[PDB]
Amino acid sequence: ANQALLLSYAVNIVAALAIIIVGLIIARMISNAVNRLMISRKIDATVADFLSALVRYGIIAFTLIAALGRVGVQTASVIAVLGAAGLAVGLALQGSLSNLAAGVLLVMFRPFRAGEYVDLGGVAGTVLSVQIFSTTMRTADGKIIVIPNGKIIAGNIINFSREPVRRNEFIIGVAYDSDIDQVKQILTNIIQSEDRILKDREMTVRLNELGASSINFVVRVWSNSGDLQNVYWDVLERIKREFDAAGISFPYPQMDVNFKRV
Amino acid sequence: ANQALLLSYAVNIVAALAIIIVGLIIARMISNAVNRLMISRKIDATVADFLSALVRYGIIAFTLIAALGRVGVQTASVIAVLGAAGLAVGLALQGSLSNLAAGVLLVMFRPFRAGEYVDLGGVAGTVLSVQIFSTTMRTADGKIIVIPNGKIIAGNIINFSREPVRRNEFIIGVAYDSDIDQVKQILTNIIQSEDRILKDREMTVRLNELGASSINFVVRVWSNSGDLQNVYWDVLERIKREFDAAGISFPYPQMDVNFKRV
Amino acid sequence: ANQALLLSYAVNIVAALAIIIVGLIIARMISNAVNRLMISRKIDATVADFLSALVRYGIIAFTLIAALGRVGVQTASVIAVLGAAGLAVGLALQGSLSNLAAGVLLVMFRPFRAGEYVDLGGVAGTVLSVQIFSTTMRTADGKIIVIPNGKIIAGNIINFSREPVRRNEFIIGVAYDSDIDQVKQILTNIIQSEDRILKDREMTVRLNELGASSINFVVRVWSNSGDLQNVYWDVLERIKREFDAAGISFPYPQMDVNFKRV
Amino acid sequence: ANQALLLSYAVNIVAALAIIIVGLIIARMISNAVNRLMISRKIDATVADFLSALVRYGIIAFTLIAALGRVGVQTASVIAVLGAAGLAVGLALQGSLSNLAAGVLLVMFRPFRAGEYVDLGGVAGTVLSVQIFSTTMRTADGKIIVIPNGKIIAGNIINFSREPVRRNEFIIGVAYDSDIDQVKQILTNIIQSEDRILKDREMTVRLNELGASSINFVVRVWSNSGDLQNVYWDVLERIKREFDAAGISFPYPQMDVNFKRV
Amino acid sequence: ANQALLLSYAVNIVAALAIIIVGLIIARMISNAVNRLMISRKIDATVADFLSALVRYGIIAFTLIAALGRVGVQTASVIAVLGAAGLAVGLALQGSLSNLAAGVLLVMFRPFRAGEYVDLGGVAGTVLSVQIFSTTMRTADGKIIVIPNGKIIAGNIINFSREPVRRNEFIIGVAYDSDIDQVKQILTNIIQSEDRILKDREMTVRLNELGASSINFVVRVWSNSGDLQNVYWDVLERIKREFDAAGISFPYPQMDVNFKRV
Amino acid sequence: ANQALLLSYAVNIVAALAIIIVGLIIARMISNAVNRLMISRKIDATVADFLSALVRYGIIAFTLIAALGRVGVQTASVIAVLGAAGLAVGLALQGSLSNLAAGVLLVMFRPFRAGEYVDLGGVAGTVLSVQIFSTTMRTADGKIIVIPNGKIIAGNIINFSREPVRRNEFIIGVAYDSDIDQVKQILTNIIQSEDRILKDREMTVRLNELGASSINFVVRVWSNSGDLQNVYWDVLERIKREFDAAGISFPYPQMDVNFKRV
Amino acid sequence: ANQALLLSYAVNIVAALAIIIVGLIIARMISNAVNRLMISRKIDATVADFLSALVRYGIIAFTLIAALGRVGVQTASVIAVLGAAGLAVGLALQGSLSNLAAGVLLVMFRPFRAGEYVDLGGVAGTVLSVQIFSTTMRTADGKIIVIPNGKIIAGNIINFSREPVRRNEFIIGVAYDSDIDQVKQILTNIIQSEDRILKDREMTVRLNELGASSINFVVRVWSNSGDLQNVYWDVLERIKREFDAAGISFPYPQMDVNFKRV
Ligand SMILES: CCCCCCCCCCCCO[C@@H]1O[C@H](CO)[C@@H](O[C@H]2O[C@H](CO)[C@@H](O)[C@H](O)[C@H]2O)[C@H](O)[C@H]1O
Ligand SMILES: CCCCCCCCCCCCO[C@@H]1O[C@H](CO)[C@@H](O[C@H]2O[C@H](CO)[C@@H](O)[C@H](O)[C@H]2O)[C@H](O)[C@H]1O
Ligand SMILES: CCCCCCCCCCCCO[C@@H]1O[C@H](CO)[C@@H](O[C@H]2O[C@H](CO)[C@@H](O)[C@H](O)[C@H]2O)[C@H](O)[C@H]1O
Ligand SMILES: CCCCCCCCCCCCO[C@@H]1O[C@H](CO)[C@@H](O[C@H]2O[C@H](CO)[C@@H](O)[C@H](O)[C@H]2O)[C@H](O)[C@H]1O
């Protein structure tokens, strides 16, 4: 019935609620101002949202410490409990944070961009988009692959499309009795008559290996990246036709058999 | 017999029990209110339950600190003991927390959905459901596979079903003496007469490799994802029948044998 | 000989021993009450025992801090020493704690149950029991395998027994000159006359591959999981007998030999 | 020459030495009492020695803090230095602690016991003893293998000896022209006349595969674990003899050769 | 209406804003001065920017602590909140920090430089540039590979271009009946007449292996790194021509066939 | 010119230097005494040196705290700086500490000793010495291998030399038409006449496998470890000679060829 | 206009700058003295530079704490900010610190030295130098390999050059009909007439294996490390010549062909 204490306790609860409200307002205002200030300085929008969220949650933590102190909770208790809750949220969000930073780095440095054909860690396909946590790519046969961004930046990135010009390599195996000069001359005429092969680049035509059943010639020629596959197919069909017309044999696997009738 | 101290000790125990009861009530009320507030803001229900549990356990920690302080335990002692107990519970729950966050991300971004055929880290099957800690899938032969969610989001996700259209590839090997133009013409007629092959897509028919015993042709054609397997089977049987009717040989493995009767 | 201090020191030692005794009693009582309260709420018994042990050891830590403070040890010293001892015990018990939580999750979500045939990380067998730290399984040839629970929940779980119906697949290779329609008709009659094959499921019989020495047909049929192996054996023996009666050849490996007598 | 301070300093040094001596005595006494109390409660002796060592070193830490405080070292300094020394000793002893806990678990749950034949992580042999840090096993050819206990409990444990009964499997390949009923009848008579094969268990004799050069029959029969190898050898020799007597051929690798004299 | 407190609160807010402004100014000035001082001492520019950023953010942290103390936030609260925000930013930036330090080390010690052909962890190509977080290289066929710097310095670095002189190795297989002295003499004449082979280096020509179908000779010769591939091709073609002119046979795979007409 | 303060500051510097000197002396004395006390108790010398170094550095830390407090540095500052320096030294020394503890364990438990032939993680050789951080072994062909001690104790240790007796195993393949009883009788006579084979051990001679071209017999016999290789060589040469004298064939790889002249 | 406070603030700033200057001077002096003292005690120069840098930065930290305290920053704030900056620098320098300690250990214990041929983790070459962070080696074909020191000390180190004497091993396969005594006698005469083979070492010449097409003899002989390759080549050529002169056949791969004209 002695209300002098009950009024003080209710007034402390009201002061705590008022501190909570004013602190949430001030946190939203200051975080929005810092976000607009970072966006005006051409900071990346994701980095700006991340730092603004950190500012907002820090001001809210100051507010919670002040209010819970008004209702008698000690500062060490609030700091320990907020640290435990933040550690739990951080353990939950750790992988997403790694993927988020990786996606910012991928958009910032552009090791690849949408439309390029890439090989990310052994999967290969055309990049479709880099998103907040993962990259989507479409394989040559139309499957969709989703890869987390952190796994992408942690590994090698092979970009098939970045270079305008790329090299074909042919390995032609001919019979051991084939005339070497005739083979080199025919392959040279074939790659010389192909307009899509760049003549200012290397145009290797060399005997390369003495194989088990055949001698292997290597042909290396450069082309624009959009012509590479068609040049490979056209040159291969021309090699087949010209070697057939010239009598140069493509050998079947060979075997000397030393007969013994026991 | 001097009860002035015993009454003070019993009154402190009663005050501690009252603080415990009122704190549990306030924790349940505030956590339920924060949960309803998050659900009204369209926060995901699992994220809302997680943050509400954090709020409830934090208020209960404040309550325990106040009560145990009433019975003479120091604030540093309660904080150290609650931190040890929370570290033990967190070590127990760490993997479940990772799987829980991963399941929220899988439901939120939908790299796959129920009914799609996917390949998650080398196992492949039709997704049945994403659950709180793990995803269930059924393989093509009817086995059930359970995969933890964190393992899924940490790896590549190959979605066979997301794209409406997908590509078949045939590798046909024919004898070296086969006429190349006749082979290409027959394969072109076969894929031209198949209505389920999309004519506005690529329809590759090229000589692709000079193999050991055969020259390999590659055929690449696109179809709707529901037609892919049936188109593969029908085109393959037609290739067999047409090549038999045209006299184009499918070669057995070849071997030149250079006989020597020693 | 001035005993006024010695009596105070002995009385402090007696007060410390009394605090130890009363604290152990209160810890046992409160932990038993919390355990019964959790068991009444249908909490899993292992989770209840774990949380009750945490409550008991925390109350004992408060008791030790109070008693050692009575004998003059400072609160920071007791907290540091108990933290070191708890860190040592936690390093000793870390793997057991992971296995314990994993076993609770396995019993709770039942990815598999006793009697089911499963494949856990490359070992396969019939589950016998999930125990507190490890699962026992018996392989098909009668070996016993013990697997820690944490290793099980961290990996893929392939359950062969969960689905009532499962699919057989046959790969039959026949000679290239075999009549395709006759082969498909014979295989269709065989799987049509088998009562244990489910006729409402897929019943694939397709030419599948042009192999090196043979054309391979694929047969896919569904059966109840208890009939799968017997259906495989019966259908395979019938395929052998019917193909022998019809004259359809199973080819030996083939080789074209181009003879050259040098 | 004013000795009033020098006497106080010497008396503080003497008080520190006395606190050290009395604390070492009390630590040894209390740790021995706690050890006897744990051994009386049937706690495992290694666990009891570990917890007793923790109690002894904790009491010695309290003693060192009190004594070094008597000679003017601050409590925070002693706690930081003892924490650094304990962290160094713990880094040195971490792997031994893991092996010690693993050895306690191995002795407690007996996944294997001495004399059993086991496969621990790809090495296999007869267990000789589980020791404090590592297990010794002897391989079939007499090599000794020492494995750390933590590596053992972290992996799969395959116990060949735990089950009284185990299964043999034979894969017999016979010529394609062999009569299937005659082969099954001969194998059935062989396993029917073998007394060490358990007749109440499965006795599979089925055609299992159409191989490249042969049709493979599978025979599966159960025996007592001590009879398994002898039953395998006896049944295999009987299969060889009976198939020779019946004219059933064991095929050499086959090859159809399509001759072409070019 | 009693404004004596409201004026004090507004004056504290103004003092906090003034401390913020002056602290940001002083932080920018001191960090710029420390950066110019480090650049004058020939510290690497990236290391200087990193340490200057650390100095600037530390002075800003002191400023925030002072200002938030002026508005009543406690020093422990500001330190805990800034530590949580810095831990979040550090978890986001950890991989970038590792790549940044690795790039500084790569530029500083030059294990490779732009234009050199290197093999970094199994990918090989010509280095194009070392950048702040990753290295770019172009493969021999024109693909671009991006590798994070930390992955590069953590692994082996094989530099094909650092040494002016490099060794070719030929493995020539000849028939078993070939005269060994004639083979060694022909190979010696070939490598003796090649001007691009360094005569002061090793010029090995030895029988090296008795293979299955042939005896293998090893030839090892050194050349300038720019001549290595051309010397390999020229010597190989000369070996083919000279062995053909001398009648030394390159053997096909051999097989003794013990005929048995059963 | 008012020297009353300057004298106090110089006297504090002198007191700090005196505390440093006396503390270094006391640290050396106490650490030497503790080292001699541990060596007298038969503690291993490396463990004694490690604990003595910990005692010495801890006393030096107390000395530094007292002296730097005399010159006005606060205890928290000295503890934080010494903790940072000790963390840096510990990060530098962590791997060496692991190897040091592992070497103590290897010398203490003797899984192997100098002169024994062992297999440590896939490398095999004769142990030469266990040193403070690594073990040296010489391979059979004379290469020296250095292995860090921690890598050794973390893995399996296969000791070829610990057991006096070891088992040879022969796999002899004979023609399918060979008489089984004659083969077993000849192998039994061979191993019966060899004095270095232990007759009280197992002397297995069983048909073991029906191979592709041969039936394989297994022979298992025990010998003293010093006789194992010589017994293997002598028994193998005797098997060759006796099977040649008895007409038992060692088969060449077999092939049934079904000729077809197309 | 009341300058009594402004003068006090300026005097505190001047006192902070003076403390900074005097502290930098004292830090440089004390660190140089400790470095000279360690170098005089034959401490390794890198270890001395590391510990001197730690001493210098610790004294600078004490100086910064005192100065920033003079300008009103609290000790806890300076310690937290310096700890964050030191944690950032330590995360940047962690891998370099591991490589630095590893390089000190490599120079100190000399598992290898410059000029020796070693195999470090699967790459092999002649060591050129051990540097502060990485080791350089040149491969046999002249490529340069850079390996971080920590990766080297963490793995096996195979030293080909440390032992003066090393063993060659020959595996000679001869025809099954070859006389065993004649083969052993010829190989024994060959290795007996070779002066560079050490006659006091093992000189094994034993039949070793009954292979598919040949019986394999093993020859093992020791030589000085500089003679090993030349002895291998000379003995191999002599084996070829002597076996040709004696009529001992080197077999081609064998095949029994059981002809069947179907
Ligand atoms: C009290 C502060 C509250 C707010 C901040 C919360 C922070 C929570 C931190 C949780 C512990 C982080 O512990 C982290 O674990 C990963 C495990 O791969 C390791 O570091 C990892 O970072 C990323 C994830 O961020 C991984 O993708 C990466 O493979 C690895 O480098 C380190 O061990 C440590 O960086
Ligand atoms: C006092 C606070 C009480 C409440 C909060 C309790 C927190 C308990 C934290 C326990 C330690 C966590 O330590 C964690 O270990 C894993 C080990 O893979 C690593 O981090 C890991 O996170 C997830 C699990 O959450 C793993 O699936 C992932 O592979 C890895 O990145 C880091 O090392 C660290 O994030
Ligand atoms: C309160 C201070 C605020 C400012 C400073 C912020 C620091 C943030 C530290 C986050 C935790 C770092 O935890 C780190 O995790 C990685 C995980 O591979 C491990 O260390 C790692 O360092 C680098 C990344 O820097 C990795 O490329 C490397 O593979 C590994 O050695 C260690 O576990 C620890 O160095
Ligand atoms: C302030 C105290 C100053 C004095 C004491 C200094 C201690 C310094 C500790 C540095 C951090 C140690 O962090 C350590 O990292 C290794 C990384 O494999 C892991 O533990 C490791 O221990 C040894 C090395 O000691 C490794 O061979 C082993 O593979 C692994 O178990 C743990 O993460 C942790 O034990």
Side-chain angles (χ1 to χ4, degrees), chain A residues 176-181 183-184 204-211 215-218, chain E residues 160-211 213-251, chain G residues 117 125-126 138-144 194 196 226-241 244:
Chain A
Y176 263 87
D177 62 354
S178 303
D179 182 15
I180 293 175
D181 286 331
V183 172
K184 284 205 263 63
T204 295
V205 178
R206 309 301 302 259
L207 172 63
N208 195 47
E209 173 191 0
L210 308 178
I215 53 189
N216 302 331
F217 287 77
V218 61
Chain E
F160 291 68
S161 299
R162 186 51 61 83
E163 280 288 314
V165 174
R166 287 195 53 212
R167 189 185 72 183
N168 271 319
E169 173 175 278
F170 307 82
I171 302 291
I172 303 102
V174 302
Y176 263 87
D177 62 354
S178 303
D179 182 15
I180 293 175
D181 286 331
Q182 185 185 18
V183 172
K184 284 205 263 63
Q185 194 234 41
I186 291 177
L187 295 173
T188 302
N189 294 335
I190 286 174
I191 66 174
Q192 217 75 45
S193 56
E194 173 63 53
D195 297 311
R196 289 165 300 178
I197 290 173
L198 303 172
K199 306 296 154 50
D200 47 308
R201 299 305 215 102
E202 127 197 44
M203 294 177 69
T204 295
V205 178
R206 309 301 302 260
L207 172 63
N208 195 47
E209 173 191 0
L210 308 178
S213 300
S214 61
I215 53 189
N216 302 331
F217 287 77
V218 61
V219 177
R220 288 170 189 159
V221 285
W222 294 78
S223 287
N224 291 329
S225 291
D227 293 325
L228 196 67
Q229 183 66 263
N230 289 336
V231 165
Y232 182 87
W233 281 329
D234 290 339
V235 169
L236 188 62
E237 183 182 336
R238 282 191 66 192
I239 286 174
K240 172 67 167 50
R241 295 185 185 277
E242 301 275 36
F243 281 20
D244 286 350
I248 300 174
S249 173
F250 298 101
Chain G
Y117 192 92
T126 298
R138 181 175 49 241
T139 73
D141 63 328
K143 296 181 296 194
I144 295 298
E194 173 63 54
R196 289 165 300 178
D227 293 325
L228 196 67
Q229 182 66 263
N230 289 336
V231 165
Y232 182 87
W233 281 329
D234 290 339
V235 169
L236 188 62
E237 183 182 336
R238 282 191 66 192
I239 286 174
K240 172 67 167 50
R241 295 185 185 277
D244 286 350

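Letters go in sequence order (proteins before strands), and every chain restarts at 1. What you see below is based on every heavy atom in this structure, not just the backbone, and it leaves out hydrogens, waters and symmetry mates.
- Annotation for A/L207 and E/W233: closest pair O-CD1, 3.4 Å, computed over non-hydrogen atoms.
- Without hydrogens or angle criteria, E/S225 side chain to E/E163 main chain gives a donor-acceptor distance under 3.5 Å.
- Judged as a salt bridge (charged side-chain N to carboxylate O under 4.0 Å, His left out), and not counting sequence neighbours, the contacts of G/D244 are G/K240.
- For G/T139, the side-chain hydrogen bond (donor to acceptor under 3.5 Å, both in side chains) partners at least two apart in sequence or on another chain are G/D141.
- Closest heavy-atom contact between E/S214 and E/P251: CB-CG, 3.5 Å.
- Two residues are said to be in side-chain contact when any heavy atoms from C-beta on lie closer than 4.5 Å; A/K184 and A/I180 meet this criterion.
- For the pair G/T126 and G/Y117, the tightest heavy-atom approach, listed with the atom from each and the gap, is OG1-CD1, 3.7 Å.
- For E/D200, there are no side-chain hydrogen bond (donor to acceptor under 3.5 Å, both in side chains) partners two or more places apart in sequence or in a different chain.
- With sequence neighbours excluded, the residues satisfying salt bridge (charged side-chain N to carboxylate O under 4.0 Å, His left out) with E/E242 are E/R238.
- Here the shortest heavy-atom pairing between G/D234 and G/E194 reads CB-OE1, 4.4 Å.
- With rounding to the nearest 0.5 Å, the separation of CG in A/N208 from CZ in A/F217 is 10.0 Å.
- Judged by distance alone, with hydrogens and angles left aside, the side-chain atoms of E/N224 form no donor-acceptor pair with the main-chain N or O of E/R196 at under 3.5 Å.
- For E/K199, the side chain to side chain contact (heavy atoms under 4.5 Å, CB included) criterion is met by E/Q192, E/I197, E/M203, not counting sequence neighbours.
- Listed by chain and number, the residues in a side-chain hydrogen bond (donor to acceptor under 3.5 Å, both in side chains) with A/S178 amount to none (sequence neighbours excluded).
- The line from CG of E/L210 to CG of G/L236 is 4.5 Å long, rounded to the nearest 0.5 Å.
- Under the salt bridge (charged side-chain N to carboxylate O under 4.0 Å, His left out) criterion, E/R201 pairs with no residue at all, not counting sequence neighbours.
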Between E/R166 and E/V231, is the side chain to side chain contact (heavy atoms under 4.5 Å, CB included) condition met? List the steps. CA-CA 11 Å; E/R166 287 195 53 212; E/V231 165; over 6 Å; no

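- A search for side-chain hydrogen bond (donor to acceptor under 3.5 Å, both in side chains) contacts involving A/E209 returns A/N216, not counting sequence neighbours.
- Taking CD of G/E237 as the reference point, atom CD1 of G/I239 lies at 11.0 Å (rounded to 0.5 Å).
- A distance of 8.0 Å separates CD1 in E/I191 from OG1 in E/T204, rounded to the nearest 0.5 Å.
- Each salt bridge (charged side-chain N to carboxylate O under 4.0 Å, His left out) pair with one or both residues in residues 213-232 of chain E, not counting sequence neighbours, appears once here: E/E169-E/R220.
- Take E/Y232 and apply the ring pair (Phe, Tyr, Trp, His ring centres under 6.0 Å) test, not counting sequence neighbours, and it matches E/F170.
- A search for salt bridge (charged side-chain N to carboxylate O under 4.0 Å, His left out) contacts involving E/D177 returns nothing, not counting sequence neighbours.
- Counting heavy atoms from C-beta on, the side chains of E/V235 and E/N168 never come closer than 4.5 Å.
- By the side chain to side chain contact (heavy atoms under 4.5 Å, CB included) test, E/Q182 pairs with E/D179, E/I186, E/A246, E/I248, sequence neighbours left out.
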